[PDB]
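Q: Quick one: this structure, given as structure tokens, is what I'll be asking you about.
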Amino acid sequence: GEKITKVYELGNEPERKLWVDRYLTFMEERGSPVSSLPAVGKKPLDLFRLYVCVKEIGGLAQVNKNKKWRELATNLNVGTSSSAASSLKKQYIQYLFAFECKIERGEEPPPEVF
């Protein structure tokens, strides 16, 4: 139950502020605004760190192929269990994958027309 503004405060990496500004605006404009920090169990998720760590591996598809969700959950202190790994993957898909597509591959969700 932490306010999303806490994500600006979880660290002061030079690139964090711009990333968060871009991310929250991206989410508000697509109709899925984020108001609270997502969590896995009782752990608030530092979305910026999670995004950066997944990017290091090469994105969602690469983490899936290399089966690195348990390593990520362990290294981010989310948990060492298979369930913590699956919960972390779920939160990445729900909160960050659409953004990954936009930022890493210039993907621009085809205008909702069809």
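Ordering of the structure tokens sets the chain letters (A, B, ...); residue numbers start at 1 within each chain; ligands are numbered from 1 in the order shown.
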Set the distance at 8 Å and use only C-alpha atoms: which residues neighbour stretch 67-69 of chain A once local chain neighbours fewer than 6 positions away are removed? I'd like the list as a PyMOL selection string.

A: chain A and resi 85-86+88-89

Q: Can you list every residue in stretch 32-82 of chain A that DSSP puts in strand (DSSP E or B), as a list in words?

A: residues 36, 39, 40, 43 and 44 of chain A

Q: As an NGL selection string, please: the residues near stretch 8-24 of chain A (cut-off 8 Å, only C-alpha atoms, same-chain neighbours under 2 positions excluded).

A: :A and (5-6 or 26-28 or 33-34 or 46 or 48 or 99)

Q: In terms of the shortest atom-to-atom distance over only C-alpha atoms, which of A:70, A:3, A:30, A:105 is closest to residue A:58?

A: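 Among A:70, A:3, A:30, A:105, it is A:105 that comes nearest to residue A:58.
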
Q: By how many Å are atom CA of residue A:100 and atom CA of residue A:59 apart?

A: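 It comes out at 7.4 Å.
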
Q: Pull the helix (DSSP H, G or I) assignments for stretch 32-71 of chain A out of DSSP run on the backbone, and list those residues as a ChimeraX atom specification.

A: /A:47-57,60-65,69-71

Q: Pick out the residues sitting within 7 Å of residue A:36, and hand them over as a PyMOL selection string; count only C-alpha atoms, and ignore anything fewer than 5 positions along from it in its own chain.

A: chain A and resi 1-4

Q: Keeping only N, CA, C and O atoms, take the residues you just selected and write them out as a PDB file, in the first residue's frame.

A:
```
ATOM      1  N   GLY A   1       0.819  -1.246   0.000  1.00  0.00           N
ATOM      2  CA  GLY A   1       0.000   0.000   0.000  1.00  0.00           C
ATOM      3  C   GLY A   1       0.835   1.271   0.000  1.00  0.00           C
ATOM      4  O   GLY A   1       0.508   2.236   0.695  1.00  0.00           O
ATOM      5  N   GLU A   2       1.918   1.277  -0.771  1.00  0.00           N
ATOM      6  CA  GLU A   2       2.784   2.453  -0.849  1.00  0.00           C
ATOM      7  C   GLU A   2       2.372   3.300  -2.049  1.00  0.00           C
ATOM      8  O   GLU A   2       1.980   2.763  -3.084  1.00  0.00           O
ATOM      9  N   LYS A   3       2.455   4.621  -1.909  1.00  0.00           N
ATOM     10  CA  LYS A   3       2.096   5.531  -3.001  1.00  0.00           C
ATOM     11  C   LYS A   3       3.122   5.374  -4.124  1.00  0.00           C
ATOM     12  O   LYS A   3       4.308   5.173  -3.854  1.00  0.00           O
ATOM     13  N   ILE A   4       2.677   5.492  -5.374  1.00  0.00           N
ATOM     14  CA  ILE A   4       3.588   5.337  -6.513  1.00  0.00           C
ATOM     15  C   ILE A   4       4.733   6.359  -6.486  1.00  0.00           C
ATOM     16  O   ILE A   4       5.813   6.081  -7.012  1.00  0.00           O
TER      17      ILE A   4
END
```

Q: If we count only C-alpha atoms and set the cut-off at 9 Å, which residues sit around residue A:47, ignoring sequence neighbours fewer than 2 positions away in its own chain? Please answer as a PyMOL selection string.

A: chain A and resi 7+20+37-38+44-45+49-52+92+95-96

Q: Would you list the contacts of stretch 78-82 of chain A as a PyMOL selection string, taking every protein, DNA or RNA residue within 7 Å and counting only C-alpha atoms, but skipping same-chain residues closer than 5 positions in sequence?

A: chain A and resi 40+43+70+73
